[PDB]
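To start, the structure itself, in structure tokens.
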Amino acid sequence: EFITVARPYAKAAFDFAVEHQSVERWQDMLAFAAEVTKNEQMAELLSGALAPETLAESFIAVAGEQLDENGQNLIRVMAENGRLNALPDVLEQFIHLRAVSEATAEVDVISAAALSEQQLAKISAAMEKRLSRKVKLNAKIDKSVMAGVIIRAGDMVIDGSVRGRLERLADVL
Amino acid sequence: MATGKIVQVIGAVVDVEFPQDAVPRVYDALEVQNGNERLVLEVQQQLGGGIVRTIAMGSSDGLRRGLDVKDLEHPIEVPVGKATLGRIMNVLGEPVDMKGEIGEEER
Amino acid sequence: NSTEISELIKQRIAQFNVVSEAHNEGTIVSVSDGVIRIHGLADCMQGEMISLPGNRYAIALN
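Sequence order for the protein chains is A, B and C.
In our numbering, each residue's number is its place in the first sequence (first place is 1) plus 36.
In our numbering, each residue's number is its place in the second sequence (first place is 1) plus 10.
In our numbering, each residue's number is its place in the third sequence (first place is 1) plus 34.
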């Protein structure tokens with residue numbers, strides 16, 4: 037797992053993309069790079085021990101959606117360090133850093149059934165106060181939970197469901 | 011022509027990298043100009059792509075990274091036969107008794 | 035774009051003819067002290083006899 041080795045590269049790519057106001061192009065370029073890693077034949081090539089500067093070039097060849105200097109350069113550096121497999125995570129941490137910079141959040145809402153779309157409005161309005169970020173909602177439906185709602189905002193959850201209340205009462209006794 | 015480059019130097023162990031076609035075989039002897047003096051390396055391992063780990067047959071001091079290396083395409087080979095009688099030689103077969111060239115016929 | 039992206043990737047790989055090995059065949063990538071690392075051999079089975087050039091064999095242990 038590349039959660040830790042991807043942080044420097046995601047940070048550098050984001051700081052560079054900001055200086056040039058190309059954050060959207062950088063994000064799309066990374067999303068294409070992380071897909072080139074998943075192809076069945078390319079994943080074979082990334083494992084076998086090729087010299088970094090020929091692996092990097094054969095990787096650059098399969099991508100013409102990377103801007104001439106700066107995407108190609110990122111690929112060359114990661115290839116030199118042998119970390120091209122980390123791209124799928126560089127992308128995630130880039131999206132995360134972007135969401136932090138533009139002050140945005142995406143909170144999950146899990147319910148026994150769809151909400152009234154006034155409830156959703158009040159939920160978004162309340163969370164945009166709990167969090168300084170403008171919040172997207174993507175309501176989800178689960179029926180093990182049976183009443184109330186779960187609000188999950190990253191690693192913060194508000195267990196409003198009645199299922200939670202039941203499991204929390206049973207263990208009081 | 012010299013086709014390889016030093017990439018590490020850690021004590022007596024030297025790493026060299028060649029194009030992935032012309033990698034020296036194990037126990038092949040390399041040669042590099044450690045300043046105004048020649049130095050030969052014995053390939054100990056082929057590891058990874060293009061890179062080769064070697065043991066220096068002399069003082070490792072003075073080596074830079076990026077020095078050109080030439081791959082002698084034969085193991086360390088020494089003079090043999092009647093011409094080596096009465097002479098002192100080092101591991102590489104060179105005279106260290108100051109009486110001059112050996113006069114070998116066969117290595 | 036999600037699907038056509040993978041289609042374009044497959045196309046462009048076919049263009050530069052990067053290819054996987056045959057399942058019964060692989061390449062040496064390292065040699066030392068009588069142990070070799072082979073890249074490929076998806077169908078090699080533990081304990082198999084692998085045939086090298088020069089009519090020699092290796093036993094696949096790892």
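Ideal Cβ positions, reconstructed from N, Cα and C, are used throughout, including at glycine.
Of all the CB atoms in chain B, is at least one closer than 7 Å to the CB of residue i?
i	result
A162(A)	no
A85(A)	yes
Looking at residue i: is its Cβ nearer than 7 Å to the Cβ of residue j?
i	j	result
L40(B)	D81(B)	yes
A175(A)	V198(A)	no
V145(A)	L173(A)	yes
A48(A)	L127(A)	no
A92(A)	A115(A)	yes
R119(A)	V41(A)	yes
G14(B)	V26(B)	yes
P89(B)	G103(B)	yes
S85(C)	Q56(B)	no
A148(A)	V181(A)	yes
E80(A)	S54(C)	yes
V193(A)	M163(A)	no
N51(C)	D77(C)	no
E37(A)	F68(A)	no
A22(B)	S70(B)	yes
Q30(B)	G59(B)	yes
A141(A)	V171(A)	yes
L75(C)	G60(C)	yes
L95(B)	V42(B)	no
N121(A)	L82(A)	yes
Cβ closer than 9 Å: which chain B residues qualify as neighbours of residue i?
i	result
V65(C)	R35, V36, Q55, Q56 and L57
Can you grab the Cα-Cα spacing for the pair residue i / residue j, in whole Å?
i	j	result
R188(A)	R169(A)	14 Å
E105(A)	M65(A)	12 Å
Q154(A)	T90(A)	57 Å
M83(C)	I93(C)	5 Å
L133(A)	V69(C)	45 Å
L95(C)	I72(C)	11 Å
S66(C)	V36(B)	8 Å
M99(B)	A87(A)	40 Å
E116(B)	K109(B)	19 Å
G88(C)	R48(B)	36 Å
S152(A)	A161(A)	14 Å
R43(A)	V62(B)	31 Å
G113(B)	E83(B)	23 Å
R46(C)	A66(B)	45 Å
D178(A)	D195(A)	14 Å
Let's test the definition: count the other Cβ atoms within 10 Å of the Cβ of residue i and tell me whether it reaches 16, buried, or not, exposed.
i	result
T37(C)	exposed
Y91(C)	exposed
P34(B)	buried
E60(A)	exposed
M78(A)	buried
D38(B)	buried
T64(B)	buried
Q129(A)	buried
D125(A)	buried
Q80(C)	exposed
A53(A)	buried
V79(B)	buried
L202(A)	exposed
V136(A)	exposed
Measuring only between beta-carbons, confirm whether residue i sits less than 7 Å from chain A.
i	result
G76(B)	no
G60(B)	yes
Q30(B)	yes
Answer yes or no: does any C-beta atom of chain C fall closer than 7 Å to that of residue i?
i	result
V126(A)	no
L81(A)	yes
Could you work out which residues of chain C lie near residue i, taking near to mean beta carbons separated by less than 8 Å?
i	result
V98(A)	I43, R46, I47, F50 and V52
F68(A)	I39
Give the residues of chain A in contact with residue i, contact being defined as C-beta atoms less than 9 Å apart.
i	result
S40(C)	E71, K74 and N75
Mind pulling the chain A residues with CB within less than 8 Å of residue i?
i	result
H73(C)	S83, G84 and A85
Under 9 Å between beta-carbons, which chain C residues line up against residue i? List them in chain order, please.
i	result
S94(A)	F50 and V52
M78(A)	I43, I47 and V52
Tell me whether residue i, by its Cβ, gets closer than 6 Å to a heavy atom of the ligand NAP.
i	result
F95(A)	In the structure on display, the ligand NAP does not appear, and there are no ligands present to speak of.
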